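For the record, the sequence lines run as chains W and B.
Letter by letter, the first sequence follows residues 16 to 226 of the working numbering.
Letter by letter, the second sequence follows residues 7 to 227 of the working numbering.
Structure, as structure tokens:
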Amino acid sequence: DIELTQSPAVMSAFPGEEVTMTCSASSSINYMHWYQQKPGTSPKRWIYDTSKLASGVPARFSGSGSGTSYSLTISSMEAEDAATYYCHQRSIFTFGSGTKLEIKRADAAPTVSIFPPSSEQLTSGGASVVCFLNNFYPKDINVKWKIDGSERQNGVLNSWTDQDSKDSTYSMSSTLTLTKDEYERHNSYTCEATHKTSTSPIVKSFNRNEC
Amino acid sequence: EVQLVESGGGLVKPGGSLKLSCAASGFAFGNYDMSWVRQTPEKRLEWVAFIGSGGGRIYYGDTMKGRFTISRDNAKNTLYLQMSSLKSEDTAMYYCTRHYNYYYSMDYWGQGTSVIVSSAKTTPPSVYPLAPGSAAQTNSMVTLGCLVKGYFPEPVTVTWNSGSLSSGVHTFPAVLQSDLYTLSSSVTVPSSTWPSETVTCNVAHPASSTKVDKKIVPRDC
Ligand SMILES: C[C@]12C[C@H](O)[C@H]3[C@@H](CCC4=CC(=O)CC[C@@]43C)[C@@H]1CC[C@@H]2C(=O)CO
């Protein structure tokens with residue numbers, strides 16, 4: 016079968032930069048298409064027939080290539096260009112896996128906040144400790160949980176937002192889910208953010224035997 | 007002008023069947039080749055089915071293996087996809103697509119209809135207020151949250167003060183936990199305004215026809 020691969024899977028650039036992304040075919044084909052997708056909406060035809068631009072596409076975009084290699088290129092990139100770009104061609108079952116173009120911005124430390132399980136959740140026998148790490152950059156951030164002075168790893172789920180459409184920051188929730196009985200056997204709960212904005216973690220904590 | 011509007015997606019048990027519909031407007035539907043493309047939860051896009059303008063020419067993607075039937079009623083400007091013997095791998099957003107010319111770029115896409123194939127049953131969310139409590143904050147800003155736990159399928163809609171608190175909101179993508187969805191939403195308001203001004207998260211789960219408001223009240227310590 017002829018298959019497509021795309022590189023890089025993810026890239027970030029400041030507005031104003033040149034952006035190039037590549038679509039490779041396992042065997043020679045022609046008339047490559049490129050589809051743009053942003054979260055929550057359908058793919059949009061963007062480039063087609065290797066080099067034709069869809070309606071509404073700025074001239075800063077160009078498509079090129081032949082044979083086994085194709086590329087999509089953007090001059091002087093603008094914030095609205097941020098999207099995932101998928102290549103596809105008329106003989107291919109599976110679209111290329113896409114390049115996600117993200118917006119580089121200044122580093123920002125997260126605002127960190129921690130929430131004990133609600134009494135309403137405790138009533139049902141569950142205990143989620145919620146930690147928000149909001150409005151930070153870059154996306155790579157490390158969250159550590161400590162419980163009564165010892166690091167805890169089981170039962171942690173982390174969820175990042177898509178890059179924010181207004182300020183290009185990321186936010187993430189780190190949720191520690193425990194049984195009520197396991198939660199009641201310990202006291203100090205700490206959520207620590209380690210990011211590249213500082214060598215020292217941002218630490219938020221509480222004692223269960225308060226409040 | 008041109009509109010493609012899909013419908014008929016939903017929850018289906020493994021082994022089941024579903025017909026998807028795609029209502030077309032604004033163009034001579036019978037002059038155009040049409041396709042179904044699906045996007046898997048991993049965001050993989052797969053060419054499921056193609057049908058020529060007259061309905062006499064058809065292609066199916068490699069894993070369809072005879073379980074999909076594309077058809078069209080040009081008199082009623084509608085494209086269909088019958089699906090059968092559904093498997094967990096068929097879970098996806100299904101898009102109807104129009105073709106431009108004979109190099110088969112897809113120049114218009116519908117909004118998509120979601121198809122979920124699992125044994126999980128529809129479950130309303132539990133919603134829990136997240137006040138700081140023992141983790142009290144003391145800056146010019148306070149952050150509050152709602153924990154939305156235990157629902158299926160996606161999606162839930164979260165708003166704060168009925169949408170009047172729109173800035174300073176972060177609603178995080180849901181995650182599967184015990185084979186049910188959970189997400190939290192955070193809101194940041196000036197600390198001078200809470201609790202003197204009420205803060206309420208509004209959670210809607212249409213699939214269960216549930217609406218819930220949780221007022222964020224300071225904890226009784
Ligand atoms: C790409 C496919 C093979 C082939 O390329 C098809 C395409 C559908 C459109 C089409 C119509 C034609 O008259 C020429 C072949 C072709 C352009 C097909 C959709 C599914 C199928 C596959 O998934 C094969 O792997």
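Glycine included, every Cβ here is placed at the ideal spot set by N, Cα and C.
In its own chain, which residues sit with a C-beta less than 6 Å from the C-beta of B/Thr216, not counting the 5 before and 5 after it?
The residue labelled residue 216 of chain B in the question sits at position 210 within the second sequence. So the list reads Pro130, once near-sequence residues are dropped.
For W/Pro216, decide whether its Cβ has a neighbour in chain B, counting only Cβ atoms nearer than 8 Å.
By one-based count along the first sequence, residue 216 of chain W stands at place 201. Closer than 8 Å: no.
Check the Cβ of B/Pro201 against every Cβ in chain W and list those closer than 9 Å, keeping chain order.
Counted from its first residue, the second sequence places residue 201 of chain B at position 195. Chain W residues near B/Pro201: none, gap ~15 Å exceeds 9 Å.
Buried/exposed call for B/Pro135, threshold 16 Cβ in 10 Å:
Translated into positions along the second sequence, residue 135 of chain B becomes position 129. Answer is buried; the Cβ neighbour count reaches 16.
Would you check whether ligand 1 has a heavy atom nearer than 7 Å to the C-beta of W/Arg105?
Walking along the first sequence from the start, residue 105 of chain W turns up at place 90. A heavy atom of ligand 1 is found nearer than 7 Å to the CB of W/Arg105.
Give the residues of chain B in contact with W/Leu191, contact being defined as C-beta atoms less than 9 Å apart.
Position 176 of the first sequence holds residue 191 of chain W. Neighbours of W/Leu191 on chain B: none; closest Cβ ~12 Å, over 9 Å.
Assuming B/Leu51 and W/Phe110 form a contact by the criterion Cβ under 8 Å, report the distance between their Cβ atoms to the nearest whole angstrom.
Mapped onto the second sequence, residue 51 of chain B falls at position 45. Mapped onto the first sequence, residue 110 of chain W falls at position 95. Sure, about 4 Å apart at Cβ, within 8 Å.
DSSP three-state call for W/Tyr198: helix, strand or coil?
Here residue 198 of chain W is taken as the residue at index 183 of the first sequence, counted from 1. Reduced to three states, the DSSP call for W/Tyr198 is helix.
Going straight from the alpha carbon of W/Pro58 to that of B/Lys127, what length do you get?
Against the first sequence, residue 58 of chain W aligns to sequence position 43. Against the second sequence, residue 127 of chain B aligns to sequence position 121. Those two C-alpha atoms are separated by around 30 Å.
3 or more residues per run - each beta strand (DSSP E) lying fully within the region 159-191 of chain W
165-167, 171-175
Under the rule that 16 or more other beta-carbon atoms within 10 Å means buried, what is W/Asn149, buried or exposed?
By one-based count along the first sequence, residue 149 of chain W stands at place 134. W/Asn149 is buried by the Cβ-count criterion.
Residues in its own chain within less than 7 Å of B/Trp53 by CB, not counting five upstream and five downstream?
In the second sequence, counting from the first residue as 1, residue 53 of chain B sits at position 47. Result list for B/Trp53: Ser41, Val43, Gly67, in chain order.
Contact defined as beta carbons within less than 8 Å: I believe W/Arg105 pairs with B/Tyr65. What is the distance between those atoms, to the nearest angstrom?
Locating residue 105 of chain W in the first sequence gives position 90, where the first residue counts as 1. Locating residue 65 of chain B in the second sequence gives position 59, where the first residue counts as 1. With 8 Å as the limit, W/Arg105 and B/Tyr65 do not qualify as a contact, their Cβ atoms being about 10 Å apart.
Please go through the same chain and pick out, in chain order, the residues whose beta-carbon is closer than 7 Å to the beta-carbon of B/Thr144, but skip the five residues on each side of it.
Translated into positions along the second sequence, residue 144 of chain B becomes position 138. Within the same chain, B/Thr144 has no close Cβ partners at all.
Cβ neighbour criterion (16 or more within 10 Å) applied to W/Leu191:
Start at 1 with the first residue of the first sequence, and residue 191 of chain W comes out as number 176. Taking all protein chains in view, the Cβ of W/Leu191 is crowded by 16 or more other Cβ atoms within 10 Å, so the residue is classified as buried.
Simplified DSSP state of W/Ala98, which is helix, strand or coil:
Position 83 of the first sequence, counting from 1, holds the residue named residue 98 of chain W. Three-state DSSP puts W/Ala98 in a strand.
Hey, is B/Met112's beta-carbon within less than 8 Å of any beta-carbon in chain W?
Taking the first residue of the second sequence as position 1, residue 112 of chain B is located at position 106. Closer than 8 Å: yes.
Spatial distance of W/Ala121 from W/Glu93 (CA atoms)
For the purposes of this step, residue 121 of chain W is taken as the residue at position 106 of the first sequence. For the purposes of this step, residue 93 of chain W is taken as the residue at position 78 of the first sequence. The straight-line gap from Cα to Cα measures roughly 16 Å.
My understanding is that W/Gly80 touches W/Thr99, with C-beta atoms under 8 Å, so please give their C-beta distance in whole angstroms.
Numbered from its first residue, the first sequence carries residue 80 of chain W at position 65. Numbered from its first residue, the first sequence carries residue 99 of chain W at position 84. Not confirmed; about 19 Å, so no contact.
Figure out for me which residue from B/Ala98, B/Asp185, B/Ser197, B/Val162 has the closest Cα to the Cα of B/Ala213.
As a working mapping, residue 213 of chain B is identified with position 207 in the second sequence. Here the closest residue by C-alpha is B/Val162.
For B/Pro159, is the classification buried or exposed, using 16 other Cβ atoms within 10 angstroms of its Cβ as the cut-off for buried?
Here residue 159 of chain B refers to the residue found at position 153 of the second sequence. It is buried - the Cβ of B/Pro159 has at least 16 other Cβ atoms within 10 Å.
Below 8 Å on C-beta distance, what does B/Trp166 contact in chain W?
Within the second sequence, the letter at position 160 stands for residue 166 of chain B. Within chain W, no residue comes near B/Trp166; the closest Cβ sits about 14 Å away, beyond 8 Å.
Nearest-angstrom beta carbon gap, B/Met89 and B/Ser23 [assumed within contact, 8 Å]:
Looking up residue 23 of chain B in the second sequence gives position 17. Looking up residue 89 of chain B in the second sequence gives position 83. With a Cβ gap of about 6 Å, B/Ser23 and B/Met89 count as contacting.
Cβ shell of W/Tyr63 (< 7 Å), same chain only, five flanking positions each side left out
Within the first sequence, residue 63 of chain W is the residue found at index 48, counting from 1. Cβ within range, chain order: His48, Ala69.
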